[PDB]
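Have a look at the structure below, then the notes.
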Amino acid sequence: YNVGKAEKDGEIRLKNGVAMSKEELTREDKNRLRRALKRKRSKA
Amino acid sequence: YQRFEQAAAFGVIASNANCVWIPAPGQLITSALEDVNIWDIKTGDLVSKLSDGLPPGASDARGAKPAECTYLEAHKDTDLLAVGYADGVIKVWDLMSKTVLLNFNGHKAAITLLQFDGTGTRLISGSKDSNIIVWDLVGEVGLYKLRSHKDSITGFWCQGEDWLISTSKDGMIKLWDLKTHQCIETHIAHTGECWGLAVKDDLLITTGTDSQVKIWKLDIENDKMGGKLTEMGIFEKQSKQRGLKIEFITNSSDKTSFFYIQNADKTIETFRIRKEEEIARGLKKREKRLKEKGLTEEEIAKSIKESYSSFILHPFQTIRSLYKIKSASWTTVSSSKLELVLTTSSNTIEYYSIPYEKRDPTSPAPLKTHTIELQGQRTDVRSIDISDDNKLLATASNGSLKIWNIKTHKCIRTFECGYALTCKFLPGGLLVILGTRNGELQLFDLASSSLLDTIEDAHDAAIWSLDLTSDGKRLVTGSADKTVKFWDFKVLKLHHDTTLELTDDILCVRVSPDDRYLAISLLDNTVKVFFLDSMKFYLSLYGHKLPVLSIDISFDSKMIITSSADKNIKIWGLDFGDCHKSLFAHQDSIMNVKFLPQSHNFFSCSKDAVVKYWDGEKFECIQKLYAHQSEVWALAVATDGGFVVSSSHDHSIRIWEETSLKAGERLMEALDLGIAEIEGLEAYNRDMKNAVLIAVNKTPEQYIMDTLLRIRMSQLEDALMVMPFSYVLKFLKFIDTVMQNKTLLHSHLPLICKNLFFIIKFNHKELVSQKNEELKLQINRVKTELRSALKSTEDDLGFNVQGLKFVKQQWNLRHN
Amino acid sequence: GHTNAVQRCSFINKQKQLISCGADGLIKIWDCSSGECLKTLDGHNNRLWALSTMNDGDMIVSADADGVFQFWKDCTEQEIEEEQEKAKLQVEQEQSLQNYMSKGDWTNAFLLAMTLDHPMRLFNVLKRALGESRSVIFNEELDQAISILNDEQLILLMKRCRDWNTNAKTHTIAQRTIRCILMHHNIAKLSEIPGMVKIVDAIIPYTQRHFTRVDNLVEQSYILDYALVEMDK
């Protein structure tokens, strides 16, 4: 078994093993996560 | 070149902000775009005007439009005024000294609400960025930020230091604990936005988007984890539009309470809080009526709950104004009458008095006692002009023509007219002629202060343009009926002379200063030049993507400028009609372009609120003038060229006048600070029987622990080798103190194991040689708690792997 | 948008909408202003010749050629209220959850985090609840809270415990929660829960890895014992 994508559409699950529901995240946490994803897709 | 600077600004009575009333009907403080006006209601004259400084057009002046005032709050006792701007800046103003005392910058958007505390030492601000910040006036710092709301802060209530209730555009009502800086309660006030909030003792009223208005009781000391705010009942106001502001006022003599719900429409609805004895009297009566009707007691109880709101509240009276209302405020409460002051979106101040006796008012409608209207115009100015003497400025707007003194800035005369589109003085400065949208031509006399003549059938459509020859005897009028008509002035009345019928609608007509050319702009993106003497077609100018909106001809009749809705200024030569240059001047449609007299330099104004100064020979922009908040509709240049007057959509007439450590070393420093404190406390405690740590607010063990965590693991092993042996004994003492804190031990148990074993391994030889008995006890101790913590984790791991294995066995047995 | 001939068409909601029936048996509610199919009602298996509306379409009756009536009742107002009440409840739970964590009421905050499905908050509740116990598994109250969990909550909780276990920095919280579940539930019942076994498939290999580690750390800890005997000499 290996940690993959979040099964629910409202949650972010990282390969680190930490799950993050979008509801609980602050606006500041969501912004940096979005920018982090933007960096990941850019190099991809 | 010379610089143009804003000499004066006038024509605004109340901008898009609230109004603050101060007792002496007393004075009123209203916003005028970037400046604040103080009016005297009785006289209707401007008392003082607050301007920070830095007039637009100066070199030191900023390069963007100034921030407009959005909210005004004045602490009556301390004689301070707080002003919030559209950029999120709060400026505390000394009303007596008329100067800025403090400047706060903590909001990223426009300020929606300001509120002094009762004592006047702390200021609370809410902004469109959804943050509430509490400022310390004495300390000139932001104490803390309240960041739960997800939209603009519409309203909030804080009458005590302990608690704060806040409303936002996301539809939530939130109770704050000012001592913990946290939100305790959250309820959905309305299905959409929530716009109003007023609190009186336990009673609390909020308004949503629709006509529904909710009632809540505020039991602050409930302390159940819920129910500090409980909804009681819903009452529907007459106005279906959103309710913006709610305000309570109490009559000291009779203890009666009144409030209004300022609507987005032209209505203010006032209400009355029934006294308890009235509620008890009514409750008994309505019970009798329902009981007589044969209803059951349970039904009667439910009905009372359904009609609960009606018991406390009584619709008192509704104020109707001719214009949409921007803000309102209670002025005076008395047994005889109740008074309100409001500002409209159409640039005026209105004062209303409500005489009443007992439950109901005496008069069917409120009494409009005072109004401030003379120094402004209700609708935006569509055209302006300057008299040949450069003393009178005529500003034509929809429904009124007003005339000003450029020196005193005071309107001299007002004339009622139609939807005026173009105005121009006749020579001598004693007459004005208007072109209305209805096709009417109106002529006015200043000395008579009345209209001389009206031509109802001057044109079949809007008279978009109108111009005069240099002699002043001939008038050229262009209209949307696709005709140019020439008129003569004979002793004064206007006589039709000729008609020139063109192929499309006419937007601008200009006559050359030498009276030789006549330039006409058409809706087909072309400008046609005629010979005025013979009316023979001469040239046609092509090159504009969109229709030409303004035309002007140089003083020597060589160049002609055309500005269009395609954002381009094109300079042409009248000799052959060739385009000398096309300038991408503005970011929106360019409405007016004028030559400076006796020079080829010209001005340009556009819908993007910018007035630009250009060089007609070098084709370069000399100066950008950022003063208007919205579209600039009209522009005018003095005959001398000394000043330029511009009027905008914001009701303002502005006059421009010509003037490091590495890993291991950080650990060594951390050990010195932490263990110096630990040893100091140990020595202090034995006898009884720092700045860095206090700033970070961490116990010495945690301060060292955090330093260990930050060290990257690839650097960690090499960082520990650099440490001397003297710091190793310090390290062992730190591990010993950590062992007492079981919470800290297990949180970072693997890390302490890796570090502790590496230290012992690297310098085992020196450790054993030391004959310190105290060190022996530490290692004996550090061993025991280290084993127990490790074994506890291993015991859980060993237990689970066997249990989970057993679960597999039973599922396999039952399913195979 | 109709797959077959349209047999009936009537206006509902005054000018706003239009409802139509077709031989395909499908009743489509359209928006007159935008001309888009807002909803499709499929309760018939044959052509619809008759369609009657009452109270501006608040009640609609359609008769199949087979002889089946469908008495449609408008329920937009009813559905929005259910959403509003659901939304109102969710806002209360969020605020109550935050208050419990700040107060440190981990036993109550645990229940809310499970219902709201907030993993980070659930991890913090369990992590810091464990920290206090350091100073049976978690607490007498919180163990009871875990015990009363139903099958759906257990599967969700074990999924989190599975993911936390993979990371060596967070496995400790996972092991104790699993230990609490095994110690406060019928093991027979846990097996029957569908999908529980596949979740338990993933936990065991990582648990063995964590067990091989830590055990080595116990071996390394005996360097201290060798230090003490040398000092005794």
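Counting only strands (runs of 3 or more DSSP E) wholly contained in segment B:511-592, the ones carrying 2 or more residues that are under 43 Å from the mean Cα position of the chain (by Cα) and either on the phi > 0 side of the Ramachandran plot or surrounded by 13 or more Cβ atoms within 10 Å (Cβ to Cβ) (or both) occupy B:517-522, B:548-553, B:559-564, B:568-573, B:579-584. Restricting B:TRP157, B:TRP195, B:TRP176 to those that are under 24 Å from C:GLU83 (Cα atoms), among the aromatic types (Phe, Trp, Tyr) and in contact with a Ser or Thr (Cβ under 9 Å, 6 or more places away or on another chain) reduces the list to B:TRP195. When the test is whether a residue is of a type in the set (S, T, N, Q) and surrounded by 16 or more Cβ atoms within 10 Å (Cβ to Cβ), B:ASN222 does not pass it. Of all residues in segment C:161-200, which are within 12 Å of chain A (Cβ to nearest Cβ), part of a helix (DSSP H, G or I) and either over 28 Å from B:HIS748 (Cα atoms) or aliphatic (A, V, I, L, M) (or both)? Correct list: C:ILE173, C:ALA174, C:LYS198, C:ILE199, C:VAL200. Output the residues belonging to segment B:144-161 that are over 18 Å from B:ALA198 (Cα atoms) and not in a strand (DSSP E or B). Scanning segment B:144-161 gives B:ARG147, B:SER148, B:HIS149, B:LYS150, B:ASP151.
Considering the conditions (1) closer than 19 Å to C:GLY131 by Cα; (2) within 54 Å of the chain's Cα centre (by Cα), B:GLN740 is excluded by exactly one of them, (2).
Scanning segment B:129-143 for residues that are of a type in the set (D, E, K, R) and in a strand (DSSP E or B) returns a single hit, B:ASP136.
Within the bounds of segment B:189-199, is there any residue that is at positive phi, within 22 Å of the chain's Cα centre (by Cα), of a type outside the set (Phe, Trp, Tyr) and surrounded by 15 or more Cβ atoms within 10 Å (Cβ to Cβ)?
Within segment B:189-199, the subset at positive phi is none.
No; the residues of segment B:189-199 include none that is at positive phi, within 22 Å of the chain's Cα centre (by Cα), of a type outside the set (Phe, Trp, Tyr) and surrounded by 15 or more Cβ atoms within 10 Å (Cβ to Cβ).
What residue, among those in segment C:103-146 that are among the β-branched types (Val, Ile, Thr) and within 14 Å of chain A (Cβ to nearest Cβ), is surrounded by the fewest Cβ atoms within 10 Å (Cβ to Cβ)? Applying the filter and picking the extreme gives C:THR115.
Being of a type in the set (A, V, I, L, M, F, W, C), surrounded by 16 or more Cβ atoms within 10 Å (Cβ to Cβ) and within 30 Å of the chain's Cα centre (by Cα) is a condition met by at least one residue of segment B:299-322.
For B:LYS730, the conditions (1) assigned to a helix (DSSP H, G or I); (2) over 20 Å from B:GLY674 (Cα atoms) all hold with the exception of (2).
Please pick out the residue among B:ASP736, B:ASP796 that is surrounded by 14 or more Cβ atoms within 10 Å (Cβ to Cβ), more than 7 Å from chain C (Cβ to nearest Cβ) and in contact with a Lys or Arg (Cβ under 7 Å, 6 or more places away or on another chain).
Details: B:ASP796 fails: more than 7 Å from chain C (Cβ to nearest Cβ).
The conditions single out B:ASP736.
Scan segment B:763-786 for residues that are surrounded by fewer than 16 Cβ atoms within 10 Å (Cβ to Cβ) and not in a loop (DSSP other than H, G, I, E, B) and jot them down. Scanning segment B:763-786 gives B:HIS764, B:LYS765, B:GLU766, B:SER769, B:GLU773, B:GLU774, B:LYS776, B:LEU777, B:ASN780, B:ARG781, B:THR784.
Is segment B:236-248 home to any residue that is over 27 Å from B:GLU185 (Cβ atoms) and exposed (fewer than 13 other Cβ atoms within 10 Å of the Cβ)? There is at least one residue in segment B:236-248 that is over 27 Å from B:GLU185 (Cβ atoms) and exposed (fewer than 13 other Cβ atoms within 10 Å of the Cβ). Under the condition of being in contact with a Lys or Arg (Cβ under 7 Å, 6 or more places away or on another chain) and in a helix (DSSP H, G or I), the residues counted in segment C:107-140 number 5.
Any chance segment B:171-183 includes a residue that's more than 14 Å from chain C (Cβ to nearest Cβ), farther than 21 Å from B:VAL89 by Cα and crowded, with 16+ Cβ neighbours inside 10 Å? Checking segment B:171-183: at least one residue is more than 14 Å from chain C (Cβ to nearest Cβ), farther than 21 Å from B:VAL89 by Cα and crowded, with 16+ Cβ neighbours inside 10 Å. Every test in (1) within 14 Å of chain C (Cβ to nearest Cβ); (2) in contact with a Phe, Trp or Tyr (Cβ under 8 Å, 6 or more places away or on another chain) is passed by B:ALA670 save one, and that test is (1). Of the residues that make up segment B:630-651, is at least one outside any strand (DSSP E or B), touching a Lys or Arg at 6+ places or on another chain (Cβ under 7 Å) and surrounded by fewer than 21 Cβ atoms within 10 Å (Cβ to Cβ)? Yes, segment B:630-651 has at least one match.
Listed here are the residues, each with its yes/no results for (1) closer than 29 Å to B:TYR351 by Cβ; (2) surrounded by fewer than 20 Cβ atoms within 10 Å (Cβ to Cβ); (3) under 21 Å from the mean Cα position of the chain (by Cα).
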| site | (1), (2), (3) |
| --- | --- |
| B:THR30 | yes, no, yes |
| B:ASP45 | yes, yes, no |
| B:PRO56 | no, no, yes |
| B:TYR71 | yes, no, yes |
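Has segment A:35-44 got any residue that is of a type outside the set (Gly, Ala, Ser) and in contact with a strand residue (DSSP E or B) (Cβ under 8 Å, 6 or more places away or on another chain)? If you could, list the steps in order and put the result at the bottom.
Taking segment A:35-44 and keeping what is of a type outside the set (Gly, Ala, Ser), we get A:35, A:37-41, A:43.
If we keep only those that are in contact with a strand residue (DSSP E or B) (Cβ under 8 Å, 6 or more places away or on another chain) too, we end up with none.
Within segment A:35-44, none of the residues are of a type outside the set (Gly, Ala, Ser) and in contact with a strand residue (DSSP E or B) (Cβ under 8 Å, 6 or more places away or on another chain).
Within segment B:271-291, being closer than 25 Å to B:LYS255 by Cα, of a type in the set (A, V, I, L, M) and in a helix (DSSP H, G or I) holds for B:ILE279, B:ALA280, B:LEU283. Scanning segment B:200-219 for residues that are crowded, with 18+ Cβ neighbours inside 10 Å and under 18 Å from C:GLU92 (Cα atoms) gives B:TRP216, B:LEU218. In the condition set (1) more than 12 Å from every other protein chain (Cβ to nearest Cβ); (2) part of a helix (DSSP H, G or I), C:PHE71 is compliant with all but (2). Taking into account only those residues within segment B:593-614 that are part of a strand (DSSP E or B) and aliphatic (A, V, I, L, M), which is farthest from B:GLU5 (Cα to Cα)? If we take residues in segment B:593-614 being part of a strand (DSSP E or B) and aliphatic (A, V, I, L, M), then B:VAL593 is farthest from B:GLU5 (Cα to Cα).
Only one of the numbered conditions (1) of a type outside the set (S, T, N, Q); (2) under 30 Å from B:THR395 (Cα atoms); (3) more than 41 Å from the chain's Cα centre (by Cα) is not met by B:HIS651, and that is (3). From the list B:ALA670, B:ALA663, B:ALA683, B:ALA695, exactly one residue is under 22 Å from B:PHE762 (Cα atoms) and in a helix (DSSP H, G or I). Which is it? Step by step, each of B:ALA670, B:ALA663, B:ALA683, B:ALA695 is checked, and only B:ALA670 is under 22 Å from B:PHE762 (Cα atoms) and in a helix (DSSP H, G or I). The residues listed here are C:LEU149, C:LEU157; of these, the one that is more than 7 Å from every other protein chain (Cβ to nearest Cβ) and under 20 Å from A:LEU14 (Cα atoms) is C:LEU157. Restricting B:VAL484, B:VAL491 to those that are under 24 Å from B:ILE553 (Cβ atoms) and not basic (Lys, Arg) reduces the list to B:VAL484. So which residues in segment A:1-27 are facing another protein chain (nearest Cβ under 8 Å), of a type outside the set (S, T, N, Q) and in contact with a strand residue (DSSP E or B) (Cβ under 6 Å, 6 or more places away or on another chain)? A:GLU11, A:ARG13, A:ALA19, A:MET20 - these are the residues of segment A:1-27 that are facing another protein chain (nearest Cβ under 8 Å), of a type outside the set (S, T, N, Q) and in contact with a strand residue (DSSP E or B) (Cβ under 6 Å, 6 or more places away or on another chain).
Residues of segment B:422-434 include none that is polar (S, T, N, Q), in a strand (DSSP E or B) and under 18 Å from B:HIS495 (Cα atoms).
Throughout, read-outs are computed from the coordinates displayed, never taken from laboratory work. Cβ atoms come from the backbone with ideal geometry, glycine included; neighbour counts cover every protein chain shown.
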